[PDB]
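A.B. asks: Coordinates in input-v2.pdb, PDB, C-alpha atoms, are listed below.
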```pdb
ATOM      1  CA  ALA Q   1      -8.032  14.976  13.415
ATOM      2  CA  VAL Q   2      -7.979  13.581   9.891
ATOM      3  CA  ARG Q   3     -11.157  12.141   8.314
ATOM      4  CA  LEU Q   4     -10.342   9.583   5.633
ATOM      5  CA  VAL Q   5     -13.126   9.322   3.123
ATOM      6  CA  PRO Q   6     -14.644   5.952   2.315
ATOM      7  CA  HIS Q   7     -14.147   5.123  -1.310
ATOM      8  CA  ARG Q   8     -13.412   2.587  -3.995
ATOM      9  CA  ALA Q   9     -10.617   3.388  -6.391
ATOM     10  CA  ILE Q  10      -9.596   1.454  -9.483
ATOM     11  CA  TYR Q  11      -6.113   1.965 -10.856
ATOM     12  CA  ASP Q  12      -4.786   0.833 -14.211
ATOM     13  CA  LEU Q  13      -1.300  -0.642 -14.047
ATOM     14  CA  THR Q  14       1.391  -0.190 -16.652
ATOM     15  CA  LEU Q  15       5.086  -0.956 -16.942
ATOM     16  CA  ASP Q  16       7.371   1.996 -16.245
ATOM     17  CA  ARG Q  17      10.925   0.720 -16.599
ATOM     18  CA  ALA Q  18      12.356  -2.743 -17.064
ATOM     19  CA  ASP Q  19      15.838  -3.910 -16.170
ATOM     20  CA  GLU Q  20      17.590  -6.484 -18.328
ATOM     21  CA  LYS Q  21      17.889  -8.461 -15.135
ATOM     22  CA  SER Q  22      14.142  -8.578 -14.698
ATOM     23  CA  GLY Q  23      13.485 -10.286 -18.041
ATOM     24  CA  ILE Q  24      10.108  -8.609 -18.091
ATOM     25  CA  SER Q  25       8.911  -7.451 -21.495
ATOM     26  CA  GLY Q  26       5.430  -6.355 -20.541
ATOM     27  CA  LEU Q  27       3.211  -5.692 -17.578
ATOM     28  CA  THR Q  28      -0.425  -4.665 -17.643
ATOM     29  CA  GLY Q  29      -2.550  -4.888 -14.545
ATOM     30  CA  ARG Q  30      -5.174  -3.353 -12.369
ATOM     31  CA  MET Q  31      -5.646  -2.536  -8.733
ATOM     32  CA  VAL Q  32      -8.881  -2.119  -6.905
ATOM     33  CA  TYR Q  33      -8.712  -0.413  -3.522
ATOM     34  CA  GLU Q  34     -11.663  -0.025  -1.211
ATOM     35  CA  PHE Q  35     -11.429   1.690   2.155
ATOM     36  CA  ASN Q  36     -14.289   2.090   4.627
ATOM     37  CA  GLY Q  37     -14.674   2.544   8.358
ATOM     38  CA  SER Q  38     -14.443   5.372  10.891
ATOM     39  CA  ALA Q  39     -12.622   6.511  13.985
ATOM     40  CA  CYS Q  40     -15.570   5.146  15.947
ATOM     41  CA  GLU Q  41     -16.161   2.219  13.555
ATOM     42  CA  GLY Q  42     -12.610   1.252  12.718
ATOM     43  CA  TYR Q  43     -11.194   0.651   9.267
ATOM     44  CA  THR Q  44     -11.807  -2.079   6.730
ATOM     45  CA  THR Q  45      -9.481  -2.334   3.763
ATOM     46  CA  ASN Q  46     -10.139  -4.526   0.743
ATOM     47  CA  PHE Q  47      -7.646  -4.621  -2.109
ATOM     48  CA  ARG Q  48      -6.753  -6.766  -5.116
ATOM     49  CA  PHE Q  49      -3.530  -6.533  -7.102
ATOM     50  CA  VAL Q  50      -3.440  -8.088 -10.583
ATOM     51  CA  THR Q  51      -0.416  -7.960 -12.888
ATOM     52  CA  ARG Q  52      -0.187  -9.590 -16.287
ATOM     53  CA  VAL Q  53       3.577  -9.946 -16.835
ATOM     54  CA  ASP Q  54       5.029 -10.782 -20.212
ATOM     55  CA  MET Q  55       8.301 -12.582 -20.465
ATOM     56  CA  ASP Q  56       9.819 -13.121 -23.867
ATOM     57  CA  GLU Q  57      10.520 -16.817 -23.565
ATOM     58  CA  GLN Q  58       7.691 -17.829 -21.170
ATOM     59  CA  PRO Q  59       3.893 -17.953 -21.288
ATOM     60  CA  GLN Q  60       2.131 -15.045 -19.563
ATOM     61  CA  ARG Q  61       1.952 -15.036 -15.759
ATOM     62  CA  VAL Q  62      -1.036 -13.420 -14.077
ATOM     63  CA  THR Q  63      -0.528 -12.866 -10.352
ATOM     64  CA  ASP Q  64      -3.618 -11.897  -8.352
ATOM     65  CA  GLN Q  65      -2.994 -10.739  -4.825
ATOM     66  CA  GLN Q  66      -6.133 -10.394  -2.719
ATOM     67  CA  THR Q  67      -6.074  -9.006   0.755
ATOM     68  CA  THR Q  68      -8.387  -7.830   3.447
ATOM     69  CA  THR Q  69      -7.566  -6.018   6.645
ATOM     70  CA  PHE Q  70      -9.272  -4.488   9.657
ATOM     71  CA  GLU Q  71      -7.670  -1.984  12.025
ATOM     72  CA  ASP Q  72      -9.270  -0.985  15.274
ATOM     73  CA  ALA Q  73     -10.360   2.519  16.207
ATOM     74  CA  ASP Q  74      -7.761   2.975  18.935
ATOM     75  CA  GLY Q  75      -5.227   1.599  16.454
ATOM     76  CA  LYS Q  76      -4.071  -1.243  18.718
ATOM     77  CA  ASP Q  77      -5.381  -4.209  16.749
ATOM     78  CA  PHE Q  78      -4.868  -5.216  13.120
ATOM     79  CA  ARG Q  79      -6.499  -8.235  11.449
ATOM     80  CA  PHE Q  80      -5.077  -9.338   8.081
ATOM     81  CA  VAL Q  81      -5.509 -11.949   5.269
ATOM     82  CA  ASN Q  82      -3.165 -12.296   2.269
ATOM     83  CA  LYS Q  83      -4.109 -14.488  -0.678
ATOM     84  CA  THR Q  84      -1.938 -14.764  -3.794
ATOM     85  CA  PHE Q  85      -3.066 -16.606  -6.944
ATOM     86  CA  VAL Q  86      -0.579 -17.511  -9.695
ATOM     87  CA  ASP Q  87      -2.333 -18.321 -12.980
ATOM     88  CA  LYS Q  88      -5.451 -19.101 -10.970
ATOM     89  CA  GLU Q  89      -3.896 -21.323  -8.336
ATOM     90  CA  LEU Q  90      -3.627 -20.321  -4.722
ATOM     91  CA  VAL Q  91       0.074 -20.507  -4.101
ATOM     92  CA  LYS Q  92       0.265 -18.440  -0.979
ATOM     93  CA  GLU Q  93      -1.964 -17.521   1.917
ATOM     94  CA  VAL Q  94      -0.991 -15.348   4.857
ATOM     95  CA  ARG Q  95      -3.428 -14.788   7.663
ATOM     96  CA  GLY Q  96      -2.940 -13.614  11.207
ATOM     97  CA  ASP Q  97      -3.293 -10.994  13.885
ATOM     98  CA  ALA Q  98      -1.193  -8.356  15.584
ATOM     99  CA  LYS Q  99      -1.800  -6.202  18.645
ATOM    100  CA  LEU Q 100      -0.181  -3.165  20.140
ATOM    101  CA  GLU Q 101       0.358  -3.999  23.789
ATOM    102  CA  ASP Q 102       3.352  -3.355  26.066
ATOM    103  CA  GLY Q 103       5.262  -1.320  23.487
ATOM    104  CA  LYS Q 104       5.849  -4.457  21.531
ATOM    105  CA  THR Q 105       4.131  -5.958  18.566
ATOM    106  CA  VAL Q 106       2.830  -9.484  19.152
ATOM    107  CA  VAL Q 107       1.927 -11.132  15.842
ATOM    108  CA  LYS Q 108      -0.349 -14.181  15.907
ATOM    109  CA  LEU Q 109      -0.520 -16.020  12.568
ATOM    110  CA  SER Q 110      -3.073 -18.638  11.494
ATOM    111  CA  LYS Q 111      -1.479 -19.468   8.122
ATOM    112  CA  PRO Q 112       0.783 -20.704   6.598
ATOM    113  CA  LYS Q 113       1.917 -22.143   9.971
ATOM    114  CA  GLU Q 114       0.534 -21.380  13.423
ATOM    115  CA  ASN Q 115       3.031 -19.009  15.052
ATOM    116  CA  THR Q 116       3.436 -16.083  17.453
ATOM    117  CA  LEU Q 117       5.984 -13.305  17.135
ATOM    118  CA  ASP Q 118       6.980 -10.595  19.546
ATOM    119  CA  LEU Q 119       8.167  -7.722  17.357
ATOM    120  CA  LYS Q 120       9.271  -4.128  17.882
ATOM    121  CA  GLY Q 121       6.455  -1.811  18.872
ATOM    122  CA  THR Q 122       5.085   0.096  15.904
ATOM    123  CA  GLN Q 123       2.035   1.450  14.114
ATOM    124  CA  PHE Q 124      -0.372   0.116  11.522
ATOM    125  CA  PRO Q 125      -1.365   1.322   8.080
ATOM    126  CA  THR Q 126      -4.267   3.559   8.914
ATOM    127  CA  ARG Q 127      -2.405   5.288  11.750
ATOM    128  CA  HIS Q 128       0.714   5.645   9.620
ATOM    129  CA  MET Q 129      -1.373   7.093   6.840
ATOM    130  CA  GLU Q 130      -2.944   9.473   9.354
ATOM    131  CA  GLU Q 131       0.472  10.491  10.663
ATOM    132  CA  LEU Q 132       1.634  11.121   7.118
ATOM    133  CA  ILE Q 133      -1.249  13.541   6.554
ATOM    134  CA  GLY Q 134      -0.773  15.269   9.896
ATOM    135  CA  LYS Q 135       2.943  15.753   9.462
ATOM    136  CA  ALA Q 136       2.217  16.996   5.944
ATOM    137  CA  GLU Q 137      -0.501  19.397   7.103
ATOM    138  CA  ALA Q 138       1.847  20.719   9.803
ATOM    139  CA  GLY Q 139       4.489  21.476   7.190
ATOM    140  CA  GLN Q 140       6.770  18.505   7.735
ATOM    141  CA  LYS Q 141       8.639  17.342   4.626
ATOM    142  CA  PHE Q 142      11.031  14.613   5.763
ATOM    143  CA  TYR Q 143      10.779  11.950   8.486
ATOM    144  CA  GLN Q 144      11.601   8.406   9.555
ATOM    145  CA  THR Q 145       9.282   5.890  11.157
ATOM    146  CA  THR Q 146       8.346   2.224  11.190
ATOM    147  CA  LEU Q 147       5.324   0.259  10.088
ATOM    148  CA  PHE Q 148       3.761  -3.198  10.186
ATOM    149  CA  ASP Q 149       1.618  -3.768   7.129
ATOM    150  CA  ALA Q 150       1.261  -7.554   6.996
ATOM    151  CA  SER Q 151       2.576  -7.732   3.477
ATOM    152  CA  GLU Q 152       4.831 -10.517   2.229
ATOM    153  CA  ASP Q 153       5.289 -12.848   5.219
ATOM    154  CA  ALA Q 154       3.916 -10.495   7.887
ATOM    155  CA  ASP Q 155       6.901 -11.273  10.067
ATOM    156  CA  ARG Q 156       8.521  -7.876  10.557
ATOM    157  CA  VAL Q 157       8.578  -4.135  11.138
ATOM    158  CA  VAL Q 158       9.613  -1.936   8.225
ATOM    159  CA  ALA Q 159      11.354   1.407   8.466
ATOM    160  CA  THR Q 160       9.729   3.972   6.197
ATOM    161  CA  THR Q 161      11.183   7.362   5.235
ATOM    162  CA  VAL Q 162       8.678   9.894   4.056
ATOM    163  CA  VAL Q 163       9.496  12.811   1.763
ATOM    164  CA  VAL Q 164       6.780  15.398   1.062
ATOM    165  CA  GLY Q 165       6.710  18.170  -1.548
ATOM    166  CA  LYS Q 166       4.627  21.256  -2.200
ATOM    167  CA  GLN Q 167       0.875  21.218  -2.517
ATOM    168  CA  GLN Q 168      -0.184  21.274  -6.133
ATOM    169  CA  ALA Q 169      -3.455  20.994  -7.985
ATOM    170  CA  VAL Q 170      -2.642  20.226 -11.584
ATOM    171  CA  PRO Q 171      -5.647  18.864 -13.475
ATOM    172  CA  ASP Q 172      -4.907  15.660 -15.344
ATOM    173  CA  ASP Q 173      -6.652  12.587 -16.660
ATOM    174  CA  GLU Q 174      -6.945  11.292 -13.116
ATOM    175  CA  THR Q 175      -8.771  14.400 -11.944
ATOM    176  CA  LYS Q 176     -11.587  14.188 -14.460
ATOM    177  CA  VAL Q 177     -12.516  10.746 -13.166
ATOM    178  CA  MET Q 178     -12.776  11.825  -9.520
ATOM    179  CA  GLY Q 179     -15.529  14.423  -9.361
ATOM    180  CA  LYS Q 180     -16.116  16.784  -6.454
ATOM    181  CA  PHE Q 181     -12.673  16.282  -4.921
ATOM    182  CA  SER Q 182     -11.077  16.915  -8.314
ATOM    183  CA  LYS Q 183     -10.043  20.497  -7.529
ATOM    184  CA  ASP Q 184      -8.456  19.816  -4.098
ATOM    185  CA  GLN Q 185      -4.750  20.094  -3.293
ATOM    186  CA  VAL Q 186      -2.404  17.127  -3.172
ATOM    187  CA  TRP Q 187       0.994  16.481  -1.680
ATOM    188  CA  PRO Q 188       3.582  14.626  -3.663
ATOM    189  CA  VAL Q 189       4.703  11.796  -1.403
ATOM    190  CA  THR Q 190       7.591   9.357  -1.694
ATOM    191  CA  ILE Q 191       7.794   6.510   0.813
ATOM    192  CA  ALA Q 192      10.982   4.430   0.822
ATOM    193  CA  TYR Q 193      10.850   1.122   2.678
ATOM    194  CA  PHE Q 194      13.882  -0.173   4.493
ATOM    195  CA  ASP Q 195      14.625  -3.214   6.475
ATOM    196  CA  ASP Q 196      17.404  -3.466   8.966
ATOM    197  CA  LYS Q 197      18.432  -7.025   8.083
ATOM    198  CA  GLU Q 198      20.236  -6.342   4.845
ATOM    199  CA  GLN Q 199      20.389  -3.701   2.131
ATOM    200  CA  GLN Q 200      22.300  -4.152  -1.053
ATOM    201  CA  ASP Q 201      23.777  -0.629  -1.020
ATOM    202  CA  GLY Q 202      21.664   0.761   1.775
ATOM    203  CA  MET Q 203      18.999   0.667  -0.912
ATOM    204  CA  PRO Q 204      15.383   0.545   0.111
ATOM    205  CA  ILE Q 205      13.611  -2.791  -0.474
ATOM    206  CA  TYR Q 206      10.738  -0.956  -2.173
ATOM    207  CA  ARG Q 207       9.889   2.638  -2.996
ATOM    208  CA  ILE Q 208       6.648   4.302  -3.976
ATOM    209  CA  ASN Q 209       5.854   7.781  -5.176
ATOM    210  CA  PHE Q 210       2.310   9.067  -5.024
ATOM    211  CA  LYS Q 211       0.153  12.181  -4.975
ATOM    212  CA  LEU Q 212      -1.891  12.297  -1.771
ATOM    213  CA  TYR Q 213      -5.119  14.080  -0.798
ATOM    214  CA  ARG Q 214      -5.974  15.333   2.671
ATOM    215  CA  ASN Q 215      -8.811  12.743   2.771
ATOM    216  CA  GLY Q 216      -6.536   9.752   2.201
ATOM    217  CA  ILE Q 217      -7.189   9.349  -1.506
ATOM    218  CA  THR Q 218      -4.077   8.811  -3.605
ATOM    219  CA  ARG Q 219      -3.350   8.738  -7.322
ATOM    220  CA  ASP Q 220      -0.485   8.897  -9.810
ATOM    221  CA  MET Q 221       1.281   5.989  -8.222
ATOM    222  CA  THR Q 222       4.625   4.699  -9.200
ATOM    223  CA  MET Q 223       6.110   1.656  -7.594
ATOM    224  CA  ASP Q 224       9.801   1.023  -7.788
ATOM    225  CA  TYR Q 225      10.505  -2.610  -7.087
ATOM    226  CA  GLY Q 226      14.175  -2.303  -7.862
ATOM    227  CA  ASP Q 227      14.831  -3.828 -11.246
ATOM    228  CA  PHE Q 228      11.403  -2.819 -12.537
ATOM    229  CA  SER Q 229       8.866  -0.119 -11.785
ATOM    230  CA  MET Q 230       5.128   0.031 -12.277
ATOM    231  CA  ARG Q 231       2.761   2.904 -12.803
ATOM    232  CA  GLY Q 232      -0.700   3.156 -11.320
ATOM    233  CA  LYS Q 233      -3.187   5.614 -12.696
ATOM    234  CA  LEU Q 234      -6.585   6.137 -11.124
ATOM    235  CA  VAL Q 235      -9.325   5.418 -13.618
ATOM    236  CA  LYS Q 236     -12.473   5.494 -11.461
ATOM    237  CA  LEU Q 237     -13.327   6.895  -8.038
ATOM    238  CA  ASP Q 238     -16.452   6.156  -6.019
ATOM    239  CA  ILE Q 239     -17.097   8.312  -2.963
ATOM    240  CA  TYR Q 240     -19.243   6.695  -0.285
ATOM    241  CA  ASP Q 241     -21.567   8.556   2.100
TER
END
```
Would you mind writing the file's structure down as structure tokens?
C.D. replies:
Amino acid sequence: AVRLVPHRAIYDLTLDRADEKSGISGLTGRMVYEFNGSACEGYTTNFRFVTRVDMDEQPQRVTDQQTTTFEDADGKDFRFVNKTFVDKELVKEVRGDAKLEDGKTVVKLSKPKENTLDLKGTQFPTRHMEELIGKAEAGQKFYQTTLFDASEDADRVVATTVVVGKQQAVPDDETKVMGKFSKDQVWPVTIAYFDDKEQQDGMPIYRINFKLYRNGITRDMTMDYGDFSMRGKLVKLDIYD
């Protein structure tokens, strides 16, 4: 019984920490997230991820990831498109479908190649987000689950461990931008992503920390990619009707 609010949110990306291994000297970027739909309607998610990464030796590299998804009301279907541009050239495109039928996840992909995949039964991003809020509202602070998000190659189920903290409402730069929801409580949330196939030290493949609102909005993002981490700060929030 969670009602995610339709909105457009623009985040400004900055470099948090850089490993020597990474070779990254700078990273500025932006992310634009738009989410619309309804339990009756369904959910449409549009997002673009742009990172300008500086390398000392090399010329700048600007990666633009553009994606669009749709998830059905019942949460049994999930349509997805992944485009990735490197210095303005489309270098990767991922496009397919997945359905929740027979406690299995059948993934039908249009691109790069035409392929079907029976995977482990799971949940999709809107449902998972909804479960995160519910568990949080009901006082839960630690749990394990799986997810299919159609990121990277869209060929697997990811185990996600969620850790929730105490509700806080500390006004910051992000809050001023938001408006009416600016004075609402948030839950600190850390999601660590694990894959069964291999872990270097049982390390998660990716980890993100964020502050989450009851209505699905999030801010104060930090993405740990391993060697390097990125920061995402909300800079503009548009609340739809």
A.B. asks: Can you tell me which residues surround residue Q:239 at a distance of at most 7 Å, considering only C-alpha atoms, apart from same-chain residues fewer than 6 positions away, and format the answer as number ranges by chain?
C.D. replies: Q: 6-8
A.B. asks: Compare Q:116, Q:144, Q:25, Q:46 by their minimum atom-to-atom distance to residue Q:10, counting only C-alpha atoms, and give me the closest one.
C.D. replies: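 Closest to residue Q:10, using only C-alpha atoms: Q:46.
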A.B. asks: Please work out which residues fall within 8 Å of (9.4, -4.3, 5.2), coordinates as given in the file, with all atoms listed in the file counting, and return them as a count of residues only.
C.D. replies: 11
A.B. asks: For residue Q:133, work out the shell of residues within 12 Å, counting all atoms listed in the file and skipping chain neighbours fewer than 3 positions away, then give it as a VMD selection string.
C.D. replies: chain Q and resid 1 to 4 126 to 130 136 to 141 162 to 164 186 to 189 211 to 218
A.B. asks: I'd like to see the residues matched by the PyMOL selection byres ((chain Q and resi 29) around 10) on this file, and ideally I'd get them as a list in words.
C.D. replies: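 Listing what the PyMOL selection byres ((chain Q and resi 29) around 10) selects in the shown file: residues 11, 12, 13, 14, 15, 27, 28, 30, 31, 49, 50, 51, 52, 53, 62, 63, 64, 230, 231 and 232 of chain Q.
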A.B. asks: Could you write out that same residue set with C-alpha atoms as a PDB file, in the frame of the given file?
C.D. replies:
```
ATOM      1  CA  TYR Q  11      -6.113   1.965 -10.856  1.00  0.00           C
ATOM      2  CA  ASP Q  12      -4.786   0.833 -14.211  1.00  0.00           C
ATOM      3  CA  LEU Q  13      -1.300  -0.642 -14.047  1.00  0.00           C
ATOM      4  CA  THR Q  14       1.391  -0.190 -16.652  1.00  0.00           C
ATOM      5  CA  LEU Q  15       5.086  -0.956 -16.942  1.00  0.00           C
ATOM      6  CA  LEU Q  27       3.211  -5.692 -17.578  1.00  0.00           C
ATOM      7  CA  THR Q  28      -0.425  -4.665 -17.643  1.00  0.00           C
ATOM      8  CA  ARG Q  30      -5.174  -3.353 -12.369  1.00  0.00           C
ATOM      9  CA  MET Q  31      -5.646  -2.536  -8.733  1.00  0.00           C
ATOM     10  CA  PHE Q  49      -3.530  -6.533  -7.102  1.00  0.00           C
ATOM     11  CA  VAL Q  50      -3.440  -8.088 -10.583  1.00  0.00           C
ATOM     12  CA  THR Q  51      -0.416  -7.960 -12.888  1.00  0.00           C
ATOM     13  CA  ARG Q  52      -0.187  -9.590 -16.287  1.00  0.00           C
ATOM     14  CA  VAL Q  53       3.577  -9.946 -16.835  1.00  0.00           C
ATOM     15  CA  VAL Q  62      -1.036 -13.420 -14.077  1.00  0.00           C
ATOM     16  CA  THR Q  63      -0.528 -12.866 -10.352  1.00  0.00           C
ATOM     17  CA  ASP Q  64      -3.618 -11.897  -8.352  1.00  0.00           C
ATOM     18  CA  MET Q 230       5.128   0.031 -12.277  1.00  0.00           C
ATOM     19  CA  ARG Q 231       2.761   2.904 -12.803  1.00  0.00           C
ATOM     20  CA  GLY Q 232      -0.700   3.156 -11.320  1.00  0.00           C
TER      21      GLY Q 232
END
```
A.B. asks: Rounded to one decimal in Å, what is the spacing between atom CA of residue Q:100 and atom CA of residue Q:118?
C.D. replies: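 Result for atom CA of residue Q:100 versus atom CA of residue Q:118: 10.3 Å, one decimal.
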A.B. asks: Do you have the atom CA of residue Q:104-atom CA of residue Q:83 distance handy?
C.D. replies: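 Those two atoms sit 26.3 Å apart.
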A.B. asks: Identify all residues satisfying the PyMOL selection byres ((chain Q and resi 42) around 12) in the given file; provide them as a ChimeraX atom specification.
C.D. replies: /Q:3-4,6,35-41,43-45,69-79,126-127
A.B. asks: Write a file of the just-selected residues containing C-alpha atoms, as a short mmCIF file (atom, residue, chain, number, x, y, z; two decimals), in the frame of the given file.
C.D. replies:
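Heads up, here's the output in selection_1.cif:
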```cif
data_model
loop_
_atom_site.label_atom_id
_atom_site.label_comp_id
_atom_site.auth_asym_id
_atom_site.auth_seq_id
_atom_site.Cartn_x
_atom_site.Cartn_y
_atom_site.Cartn_z
CA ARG Q 3 -11.16 12.14 8.31
CA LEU Q 4 -10.34 9.58 5.63
CA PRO Q 6 -14.64 5.95 2.32
CA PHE Q 35 -11.43 1.69 2.15
CA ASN Q 36 -14.29 2.09 4.63
CA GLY Q 37 -14.67 2.54 8.36
CA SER Q 38 -14.44 5.37 10.89
CA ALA Q 39 -12.62 6.51 13.98
CA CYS Q 40 -15.57 5.15 15.95
CA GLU Q 41 -16.16 2.22 13.56
CA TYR Q 43 -11.19 0.65 9.27
CA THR Q 44 -11.81 -2.08 6.73
CA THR Q 45 -9.48 -2.33 3.76
CA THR Q 69 -7.57 -6.02 6.64
CA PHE Q 70 -9.27 -4.49 9.66
CA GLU Q 71 -7.67 -1.98 12.02
CA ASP Q 72 -9.27 -0.98 15.27
CA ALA Q 73 -10.36 2.52 16.21
CA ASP Q 74 -7.76 2.98 18.93
CA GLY Q 75 -5.23 1.60 16.45
CA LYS Q 76 -4.07 -1.24 18.72
CA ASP Q 77 -5.38 -4.21 16.75
CA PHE Q 78 -4.87 -5.22 13.12
CA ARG Q 79 -6.50 -8.24 11.45
CA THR Q 126 -4.27 3.56 8.91
CA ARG Q 127 -2.40 5.29 11.75
#
```
A.B. asks: Please report the interatomic distance between atom CA of residue Q:228 and atom CA of residue Q:204 in Å with one decimal.
C.D. replies: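 Straight-line distance from atom CA of residue Q:228 to atom CA of residue Q:204 works out to 13.7 Å.
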A.B. asks: Provide an axis-aligned box for all listed atoms of stretch 207-223 of chain Q, padding each side by 8 Å; report its centre and its edge lengths in Å to one decimal, as JSON.
C.D. replies:
```
{"center_x": 0.5, "center_y": 8.5, "center_z": -3.5, "size_x": 34.7, "size_y": 29.7, "size_z": 28.6}
```
A.B. asks: Taking into account all atoms listed in the file, which residue in the set Q:85, Q:9, Q:124, Q:200 is nearest to residue Q:219?
C.D. replies: Q:9
A.B. asks: Pick out the closest residue to residue Q:107 from this set: Q:55, Q:154, Q:235, Q:191. Count all atoms listed in the file.
C.D. replies: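 The closest residue to residue Q:107 is Q:154.
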A.B. asks: So which residues fall inside 12 Å of (3.0, -15.4, 15.8) if we count all atoms listed in the file? Mind giving them as a list in words?
C.D. replies: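 Counting all atoms listed in the file, I find these residues within 12 Å of (3.0, -15.4, 15.8): residues 94, 95, 96, 97, 98, 99, 105, 106, 107, 108, 109, 110, 111, 112, 113, 114, 115, 116, 117, 118, 119, 150, 153, 154, 155 and 156 of chain Q.
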A.B. asks: Which residue, Q:82, Q:60, Q:68, Q:229, has the smallest gap to residue Q:33 when you use all atoms listed in the file?
C.D. replies: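 The closest residue to residue Q:33 is Q:68.
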A.B. asks: Between Q:223, Q:58, Q:149, Q:135, which is the closest to residue Q:23 once you count all atoms listed in the file?
C.D. replies: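 Between Q:223, Q:58, Q:149, Q:135, the residue approaching residue Q:23 most closely is Q:58.
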A.B. asks: How would you write, as an MDAnalysis selection string, the residues chosen by the PyMOL selection byres ((chain Q and resi 177-181) around 9) on this structure?
C.D. replies: chainID Q and resid 173:176 182:185 213 234:239
A.B. asks: Pick from Q:225, Q:240, Q:210, Q:143: nearest to residue Q:18, with all atoms listed in the file counted?
C.D. replies: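 When distances to residue Q:18 are compared using all atoms listed in the file, the smallest one comes from Q:225.
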